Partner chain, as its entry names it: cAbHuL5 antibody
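In the form deposited without its partner chain, a lone chain appears below as structure tokens.
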């Protein structure tokens, strides 16, 4: 599923993401925007290390979900990577929360550093009623 901007904002808000571990909803929106373009079906295989990024947040198989084909990988979210490809983003959100409970927080995703950090991210939630 390809979410529309405000649709996703409210969906994320309902799932308890607004300010989760100090991360504003606009930051989450900026992350999803740059990671998948708000696409829950998005996948990116990393030929370099044999891992794959899954879903709207492009969560990596090396540490967060199990796809059974990533060398010495682990499953921190305790989910099949398949769960990160659902139209319903509840599992992906639970996993995204798990990622940020680690020291780096939102900085875990390099794309967030490149495209969202120290940026005016207000435009992501404007007019969405969140």
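Positions refer to the first chain, counted from 1.
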Item to check | Mean C-alpha B-factor comparison - 102 to 110 and 118 to 126, higher one | outcome: 118 to 126
Item to check | Which of 51 to 59 and 37 to 45 has higher mean CA B factor, as the PDB entry lists it | outcome: 37 to 45
Checklist entry - Which one of 82, 88, 27, 75 shows the biggest C-alpha B-factor in the PDB entry? => result 75
